[PDB]
file coords-v4.pdb (PDB, C-alpha atoms)
ATOM      1  CA  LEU A 636       0.000   0.000   0.000
ATOM      2  CA  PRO A 637       2.715   2.630   0.719
ATOM      3  CA  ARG A 638       4.384   1.591  -2.548
ATOM      4  CA  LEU A 639       1.155   2.357  -4.415
ATOM      5  CA  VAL A 640       0.857   5.722  -2.655
ATOM      6  CA  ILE A 641       4.430   6.733  -3.475
ATOM      7  CA  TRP A 642       3.983   5.546  -7.073
ATOM      8  CA  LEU A 643       0.869   7.709  -7.442
ATOM      9  CA  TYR A 644       2.714  10.726  -6.026
ATOM     10  CA  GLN A 645       5.716  10.321  -8.341
ATOM     11  CA  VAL A 646       3.612   9.972 -11.501
ATOM     12  CA  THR A 647       1.255  12.874 -10.753
ATOM     13  CA  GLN A 648       4.168  15.171  -9.889
ATOM     14  CA  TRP A 649       5.928  14.125 -13.102
ATOM     15  CA  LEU A 650       2.816  14.792 -15.195
ATOM     16  CA  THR A 651       2.474  18.299 -13.750
ATOM     17  CA  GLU A 652       6.186  18.999 -14.292
ATOM     18  CA  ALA A 653       6.108  17.737 -17.896
ATOM     19  CA  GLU A 654       2.705  19.354 -18.630
ATOM     20  CA  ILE A 655       1.077  16.066 -19.656
ATOM     21  CA  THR A 656      -2.638  15.660 -19.017
ATOM     22  CA  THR A 657      -4.198  12.516 -17.574
ATOM     23  CA  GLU A 658      -5.882  11.770 -20.906
ATOM     24  CA  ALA A 659      -2.594  12.284 -22.769
ATOM     25  CA  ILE A 660      -0.624   9.805 -20.658
ATOM     26  CA  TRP A 661      -3.451   7.278 -21.024
ATOM     27  CA  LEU A 662      -3.426   7.539 -24.828
ATOM     28  CA  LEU A 663       0.355   7.045 -24.831
ATOM     29  CA  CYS A 664       0.453   3.843 -22.762
ATOM     30  CA  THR A 665      -2.913   2.048 -22.724
ATOM     31  CA  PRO A 666      -3.143  -1.359 -24.443
ATOM     32  CA  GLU A 667      -6.831  -0.776 -25.219
ATOM     33  CA  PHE A 668      -7.398   0.029 -28.891
ATOM     34  CA  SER A 669     -10.434   0.613 -31.081
ATOM     35  CA  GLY A 670      -9.917  -2.409 -33.322
ATOM     36  CA  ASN A 671     -11.138  -0.491 -36.391
ATOM     37  CA  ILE A 672      -9.045   0.257 -39.475
ATOM     38  CA  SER A 673      -8.807   4.028 -39.100
ATOM     39  CA  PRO A 674      -8.535   6.318 -42.151
ATOM     40  CA  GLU A 675      -4.919   7.027 -41.177
ATOM     41  CA  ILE A 676      -4.150   3.310 -41.490
ATOM     42  CA  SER A 677      -6.198   2.982 -44.687
ATOM     43  CA  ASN A 678      -4.288   5.856 -46.303
ATOM     44  CA  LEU A 679      -1.021   4.291 -45.130
ATOM     45  CA  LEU A 680      -1.858   0.950 -46.761
ATOM     46  CA  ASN A 681      -3.079   2.498 -50.026
ATOM     47  CA  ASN A 682       0.137   4.483 -50.499
ATOM     48  CA  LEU A 683       2.277   1.519 -49.388
ATOM     49  CA  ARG A 684       1.070  -1.254 -51.711
TER
ATOM     50  CA  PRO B2051      13.992   5.195 -76.721
ATOM     51  CA  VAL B2052      12.042   7.821 -78.686
ATOM     52  CA  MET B2053       8.815   7.193 -76.742
ATOM     53  CA  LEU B2054      10.748   7.476 -73.476
ATOM     54  CA  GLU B2055      12.182  10.848 -74.533
ATOM     55  CA  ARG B2056       8.787  12.312 -75.456
ATOM     56  CA  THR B2057       7.167  11.005 -72.269
ATOM     57  CA  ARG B2058      10.003  12.277 -70.070
ATOM     58  CA  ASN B2059       9.602  15.827 -71.405
ATOM     59  CA  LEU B2060       5.891  15.816 -70.538
ATOM     60  CA  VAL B2061       6.471  14.406 -67.040
ATOM     61  CA  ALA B2062       9.082  17.084 -66.332
ATOM     62  CA  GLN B2063       6.545  19.751 -67.321
ATOM     63  CA  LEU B2064       3.991  18.132 -64.996
ATOM     64  CA  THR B2065       6.448  18.467 -62.098
ATOM     65  CA  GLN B2066       6.849  22.171 -62.908
ATOM     66  CA  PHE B2067       3.080  22.671 -62.648
ATOM     67  CA  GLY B2068       2.981  20.955 -59.256
ATOM     68  CA  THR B2069       5.763  23.179 -57.930
ATOM     69  CA  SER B2070       3.833  26.310 -58.935
ATOM     70  CA  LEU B2071       0.641  24.985 -57.331
ATOM     71  CA  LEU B2072       2.346  24.398 -53.976
ATOM     72  CA  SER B2073       4.128  27.765 -54.039
ATOM     73  CA  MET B2074       0.903  29.670 -54.777
ATOM     74  CA  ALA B2075      -1.016  27.862 -52.051
ATOM     75  CA  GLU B2076       1.715  28.800 -49.570
ATOM     76  CA  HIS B2077       1.472  32.493 -50.472
ATOM     77  CA  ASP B2078      -2.340  32.501 -50.551
ATOM     78  CA  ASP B2079      -2.586  30.837 -47.137
ATOM     79  CA  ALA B2080      -0.061  33.320 -45.734
ATOM     80  CA  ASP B2081      -2.376  36.165 -46.769
ATOM     81  CA  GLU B2082      -5.291  34.343 -45.114
ATOM     82  CA  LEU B2083      -3.511  34.525 -41.752
ATOM     83  CA  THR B2084      -2.659  38.208 -42.258
ATOM     84  CA  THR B2085      -6.272  39.064 -43.121
ATOM     85  CA  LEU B2086      -7.523  37.289 -39.989
ATOM     86  CA  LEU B2087      -4.967  39.131 -37.843
ATOM     87  CA  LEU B2088      -6.118  42.535 -39.111
ATOM     88  CA  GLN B2089      -9.792  41.719 -38.503
ATOM     89  CA  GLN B2090      -9.020  40.552 -34.962
ATOM     90  CA  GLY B2091      -6.952  43.683 -34.356
ATOM     91  CA  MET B2092      -9.947  45.839 -35.293
ATOM     92  CA  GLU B2093     -12.224  44.112 -32.793
ATOM     93  CA  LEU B2094      -9.595  44.565 -30.077
ATOM     94  CA  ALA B2095      -9.160  48.217 -31.085
ATOM     95  CA  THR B2096     -12.881  48.879 -30.594
ATOM     96  CA  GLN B2097     -12.735  47.540 -27.033
ATOM     97  CA  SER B2098      -9.598  49.594 -26.354
TER
ATOM     98  CA  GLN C2295      -5.989  17.209 -67.417
ATOM     99  CA  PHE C2296      -2.200  17.188 -67.822
ATOM    100  CA  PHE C2297      -1.823  14.140 -65.568
ATOM    101  CA  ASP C2298      -4.297  12.213 -67.736
ATOM    102  CA  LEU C2299      -2.223  12.896 -70.853
ATOM    103  CA  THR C2300       1.069  12.266 -69.042
ATOM    104  CA  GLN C2301       0.048   8.860 -67.670
ATOM    105  CA  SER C2302      -1.260   7.944 -71.129
ATOM    106  CA  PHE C2303       2.198   8.649 -72.567
ATOM    107  CA  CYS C2304       3.758   6.499 -69.833
ATOM    108  CA  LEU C2305       1.470   3.568 -70.665
ATOM    109  CA  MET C2306       2.320   3.478 -74.376
ATOM    110  CA  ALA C2307       5.966   3.900 -73.420
ATOM    111  CA  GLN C2308       5.603   0.791 -71.249
ATOM    112  CA  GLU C2309       3.979  -1.074 -74.144
ATOM    113  CA  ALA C2310       6.971  -0.201 -76.334
ATOM    114  CA  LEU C2311       9.281  -1.754 -73.735
ATOM    115  CA  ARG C2312       7.088  -4.867 -73.614
ATOM    116  CA  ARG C2313       7.396  -5.189 -77.395
ATOM    117  CA  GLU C2314      11.180  -4.749 -77.371
ATOM    118  CA  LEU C2315      11.793  -7.256 -74.565
ATOM    119  CA  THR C2316       8.934  -9.547 -75.719
ATOM    120  CA  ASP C2317       7.880  -9.776 -72.055
ATOM    121  CA  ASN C2318       4.220  -8.938 -71.427
ATOM    122  CA  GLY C2319       4.603  -9.581 -67.686
ATOM    123  CA  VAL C2320       6.702  -6.522 -66.841
ATOM    124  CA  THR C2321       4.713  -3.760 -65.131
ATOM    125  CA  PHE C2322       6.116  -0.387 -64.088
ATOM    126  CA  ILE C2323       3.094   1.939 -64.054
ATOM    127  CA  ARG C2324       1.416   0.365 -61.027
ATOM    128  CA  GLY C2325      -1.292   2.968 -60.435
ATOM    129  CA  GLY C2326      -1.721   5.275 -57.486
ATOM    130  CA  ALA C2327       0.622   7.963 -58.809
ATOM    131  CA  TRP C2328      -2.197  10.437 -58.129
ATOM    132  CA  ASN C2329      -3.080   9.986 -54.448
ATOM    133  CA  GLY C2330      -5.750  11.941 -52.598
ATOM    134  CA  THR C2331      -3.572  12.399 -49.510
ATOM    135  CA  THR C2332      -1.393  14.875 -51.457
ATOM    136  CA  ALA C2333      -4.198  16.468 -53.541
ATOM    137  CA  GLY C2334      -2.569  15.056 -56.676
ATOM    138  CA  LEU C2335       0.877  16.531 -56.043
ATOM    139  CA  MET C2336       3.983  14.325 -56.220
ATOM    140  CA  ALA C2337       2.451  12.602 -59.245
ATOM    141  CA  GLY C2338       5.138  13.543 -61.764
ATOM    142  CA  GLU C2339       7.916  12.445 -59.409
ATOM    143  CA  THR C2340       6.358   8.982 -59.095
ATOM    144  CA  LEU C2341       6.088   8.687 -62.882
ATOM    145  CA  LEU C2342       9.715   9.792 -63.269
TER
ATOM    146  CA  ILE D2246     -16.321  53.439 -12.986
ATOM    147  CA  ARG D2247     -12.937  51.802 -12.370
ATOM    148  CA  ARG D2248     -14.703  48.478 -11.774
ATOM    149  CA  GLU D2249     -16.381  48.751 -15.181
ATOM    150  CA  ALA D2250     -13.005  49.330 -16.852
ATOM    151  CA  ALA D2251     -11.482  46.351 -15.027
ATOM    152  CA  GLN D2252     -14.393  44.125 -16.078
ATOM    153  CA  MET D2253     -13.985  45.261 -19.697
ATOM    154  CA  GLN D2254     -10.335  44.234 -19.473
ATOM    155  CA  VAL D2255     -11.501  40.705 -18.628
ATOM    156  CA  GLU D2256     -13.624  40.744 -21.789
ATOM    157  CA  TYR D2257     -10.553  41.968 -23.684
ATOM    158  CA  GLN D2258      -8.489  39.003 -22.464
ATOM    159  CA  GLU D2259     -11.306  36.563 -23.260
ATOM    160  CA  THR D2260     -11.512  37.925 -26.809
ATOM    161  CA  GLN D2261      -7.749  37.490 -27.225
ATOM    162  CA  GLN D2262      -8.094  33.872 -26.091
ATOM    163  CA  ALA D2263     -10.775  33.274 -28.729
ATOM    164  CA  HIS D2264      -8.603  35.002 -31.341
ATOM    165  CA  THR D2265      -5.726  32.549 -30.877
ATOM    166  CA  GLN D2266      -8.223  29.676 -31.007
ATOM    167  CA  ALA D2267      -9.422  30.870 -34.421
ATOM    168  CA  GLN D2268      -5.839  31.247 -35.658
ATOM    169  CA  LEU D2269      -4.951  27.696 -34.617
ATOM    170  CA  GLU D2270      -8.045  26.243 -36.291
ATOM    171  CA  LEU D2271      -7.291  28.185 -39.487
ATOM    172  CA  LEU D2272      -3.806  26.642 -39.509
ATOM    173  CA  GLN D2273      -5.349  23.161 -39.279
ATOM    174  CA  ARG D2274      -7.975  23.693 -42.010
ATOM    175  CA  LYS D2275      -5.286  25.213 -44.255
ATOM    176  CA  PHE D2276      -4.679  23.493 -47.577
ATOM    177  CA  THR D2277      -0.931  23.452 -46.854
ATOM    178  CA  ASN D2278      -1.476  22.081 -43.361
ATOM    179  CA  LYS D2279       0.727  19.638 -41.443
ATOM    180  CA  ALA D2280      -0.828  16.560 -43.067
ATOM    181  CA  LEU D2281      -0.162  17.784 -46.612
ATOM    182  CA  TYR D2282       3.486  18.554 -45.856
ATOM    183  CA  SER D2283       4.012  15.271 -43.996
ATOM    184  CA  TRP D2284       2.701  13.117 -46.850
ATOM    185  CA  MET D2285       4.507  15.089 -49.570
ATOM    186  CA  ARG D2286       8.038  14.696 -48.215
ATOM    187  CA  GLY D2287       7.163  11.135 -47.225
ATOM    188  CA  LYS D2288       6.332  10.291 -50.834
ATOM    189  CA  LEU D2289       9.367  12.189 -52.119
ATOM    190  CA  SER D2290      11.703  10.568 -49.578
ATOM    191  CA  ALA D2291      10.690   7.111 -50.810
ATOM    192  CA  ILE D2292      11.199   8.224 -54.418
ATOM    193  CA  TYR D2293      14.573   9.749 -53.521
ATOM    194  CA  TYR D2294      15.562   6.477 -51.835
TER
END
call {"tool": "encode", "arguments": {"input": "coords-v4.pdb", "output": "structure tokens"}}
result
Amino acid sequence: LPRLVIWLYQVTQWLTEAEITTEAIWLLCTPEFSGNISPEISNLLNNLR
Amino acid sequence: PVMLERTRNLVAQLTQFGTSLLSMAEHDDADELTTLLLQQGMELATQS
Amino acid sequence: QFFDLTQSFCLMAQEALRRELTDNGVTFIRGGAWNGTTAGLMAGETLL
Amino acid sequence: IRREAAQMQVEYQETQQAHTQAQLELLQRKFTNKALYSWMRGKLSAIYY
């Protein structure tokens, strides 16, 4: 439990120092993904083939 | 060899057209920002 | 309009190469030179 | 009277905030926006390679 508390303090302080929002850090690291072929990916494939 | 020469001249001209299109868009969009800045300056001037 | 003519020249230039090498399987104009992501620009460079 | 002038200054700052918002959106809806430049040198880099 103290390890979790100190981990939460370090991360939140880092995010404020680096000016990274909670949503931004989630988008950078989460494994959850939409599963849909986005237009960015579709354009990448069409120019790549 | 002859067909390649004729085609290559046309393709080079096509590249020239694309260069002009990009250059013009850059200048036109630069004026768009300047026009917006002047309009915003007027609104600020009225409040001043 | 110029891209339409230019790619047409490329195609008949490719057919001349097929006749000279007697190889109908070679393909060099693969399509997609005009791509919507660049509004048609960088088409001549691909054909070159 | 001074309070009115101070309140009008708040409206002045709010207008300036909206002005920079409009400028940033205009840069994104530009024809020569970031996406156009990114894809153009990407295509040309592959051709140059």
call {"tool": "closest_residue", "arguments": {"input": "coords-v4.pdb", "among": "B:2064, B:2052, B:2075, B:2086", "to": "chain C", "atoms": "all atoms listed in the file"}}
result
B:2064
call {"tool": "interface_residues", "arguments": {"input": "coords-v4.pdb", "of": "chain D", "to": "chain C", "cutoff": "7 Å", "atoms": "all atoms listed in the file", "output": "list in words"}}
result
residues 2281, 2284, 2285 and 2292 of chain D
call {"tool": "resolve_selection", "arguments": {"input": "coords-v4.pdb", "expression": "the PyMOL selection byres ((chain A and resi 682) around 10)", "output": "JSON, numbers by chain"}}
result
{"A": [677, 678, 679, 680, 681, 683, 684], "C": [2326, 2327, 2328, 2329, 2330, 2331], "D": [2284, 2288]}
call {"tool": "residues_around", "arguments": {"input": "coords-v4.pdb", "residues": "stretch 2262-2279 of chain D", "least_positions_apart": "3", "cutoff": "10 Å", "atoms": "only C-alpha atoms", "output": "list in words"}}
result
residues 2072, 2073, 2075, 2076, 2078, 2079, 2080, 2082, 2083, 2086, 2087, 2089, 2090, 2091, 2093 and 2094 of chain B; 2332 and 2333 of chain C; 2256, 2257, 2258, 2259, 2282, 2283 and 2284 of chain D
call {"tool": "write_last_selection", "arguments": {"input": "coords-v4.pdb", "atoms": "C-alpha atoms", "output": "mmCIF file, in the coordinates of the input"}}
result
data_model
loop_
_atom_site.group_PDB
_atom_site.id
_atom_site.type_symbol
_atom_site.label_atom_id
_atom_site.label_comp_id
_atom_site.auth_asym_id
_atom_site.auth_seq_id
_atom_site.Cartn_x
_atom_site.Cartn_y
_atom_site.Cartn_z
ATOM 1 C CA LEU B 2072 2.346 24.398 -53.976
ATOM 2 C CA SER B 2073 4.128 27.765 -54.039
ATOM 3 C CA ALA B 2075 -1.016 27.862 -52.051
ATOM 4 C CA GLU B 2076 1.715 28.800 -49.570
ATOM 5 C CA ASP B 2078 -2.340 32.501 -50.551
ATOM 6 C CA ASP B 2079 -2.586 30.837 -47.137
ATOM 7 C CA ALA B 2080 -0.061 33.320 -45.734
ATOM 8 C CA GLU B 2082 -5.291 34.343 -45.114
ATOM 9 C CA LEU B 2083 -3.511 34.525 -41.752
ATOM 10 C CA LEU B 2086 -7.523 37.289 -39.989
ATOM 11 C CA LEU B 2087 -4.967 39.131 -37.843
ATOM 12 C CA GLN B 2089 -9.792 41.719 -38.503
ATOM 13 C CA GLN B 2090 -9.020 40.552 -34.962
ATOM 14 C CA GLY B 2091 -6.952 43.683 -34.356
ATOM 15 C CA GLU B 2093 -12.224 44.112 -32.793
ATOM 16 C CA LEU B 2094 -9.595 44.565 -30.077
ATOM 17 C CA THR C 2332 -1.393 14.875 -51.457
ATOM 18 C CA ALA C 2333 -4.198 16.468 -53.541
ATOM 19 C CA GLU D 2256 -13.624 40.744 -21.789
ATOM 20 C CA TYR D 2257 -10.553 41.968 -23.684
ATOM 21 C CA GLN D 2258 -8.489 39.003 -22.464
ATOM 22 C CA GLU D 2259 -11.306 36.563 -23.260
ATOM 23 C CA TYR D 2282 3.486 18.554 -45.856
ATOM 24 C CA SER D 2283 4.012 15.271 -43.996
ATOM 25 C CA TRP D 2284 2.701 13.117 -46.850
#
call {"tool": "atom_distance", "arguments": {"input": "coords-v4.pdb", "atom1": "atom CA of residue B:2051", "atom2": "atom CA of residue C:2303"}}
result
13.0 Å
call {"tool": "decode", "arguments": {"input": "coords-v4.pdb", "residues": "chain A", "atoms": "C-alpha atoms", "output": "CSV table (one decimal), in the first residue's frame"}}
result
chain,number,residue,atom,x,y,z
A,636,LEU,CA,0.0,0.0,0.0
A,637,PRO,CA,2.7,2.6,0.7
A,638,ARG,CA,4.4,1.6,-2.5
A,639,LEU,CA,1.2,2.4,-4.4
A,640,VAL,CA,0.9,5.7,-2.7
A,641,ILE,CA,4.4,6.7,-3.5
A,642,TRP,CA,4.0,5.5,-7.1
A,643,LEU,CA,0.9,7.7,-7.4
A,644,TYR,CA,2.7,10.7,-6.0
A,645,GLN,CA,5.7,10.3,-8.3
A,646,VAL,CA,3.6,10.0,-11.5
A,647,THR,CA,1.3,12.9,-10.8
A,648,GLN,CA,4.2,15.2,-9.9
A,649,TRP,CA,5.9,14.1,-13.1
A,650,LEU,CA,2.8,14.8,-15.2
A,651,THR,CA,2.5,18.3,-13.8
A,652,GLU,CA,6.2,19.0,-14.3
A,653,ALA,CA,6.1,17.7,-17.9
A,654,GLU,CA,2.7,19.4,-18.6
A,655,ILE,CA,1.1,16.1,-19.7
A,656,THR,CA,-2.6,15.7,-19.0
A,657,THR,CA,-4.2,12.5,-17.6
A,658,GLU,CA,-5.9,11.8,-20.9
A,659,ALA,CA,-2.6,12.3,-22.8
A,660,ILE,CA,-0.6,9.8,-20.7
A,661,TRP,CA,-3.5,7.3,-21.0
A,662,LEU,CA,-3.4,7.5,-24.8
A,663,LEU,CA,0.4,7.0,-24.8
A,664,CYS,CA,0.5,3.8,-22.8
A,665,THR,CA,-2.9,2.0,-22.7
A,666,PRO,CA,-3.1,-1.4,-24.4
A,667,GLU,CA,-6.8,-0.8,-25.2
A,668,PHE,CA,-7.4,0.0,-28.9
A,669,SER,CA,-10.4,0.6,-31.1
A,670,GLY,CA,-9.9,-2.4,-33.3
A,671,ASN,CA,-11.1,-0.5,-36.4
A,672,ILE,CA,-9.0,0.3,-39.5
A,673,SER,CA,-8.8,4.0,-39.1
A,674,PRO,CA,-8.5,6.3,-42.2
A,675,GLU,CA,-4.9,7.0,-41.2
A,676,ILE,CA,-4.2,3.3,-41.5
A,677,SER,CA,-6.2,3.0,-44.7
A,678,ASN,CA,-4.3,5.9,-46.3
A,679,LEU,CA,-1.0,4.3,-45.1
A,680,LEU,CA,-1.9,0.9,-46.8
A,681,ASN,CA,-3.1,2.5,-50.0
A,682,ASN,CA,0.1,4.5,-50.5
A,683,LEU,CA,2.3,1.5,-49.4
A,684,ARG,CA,1.1,-1.3,-51.7
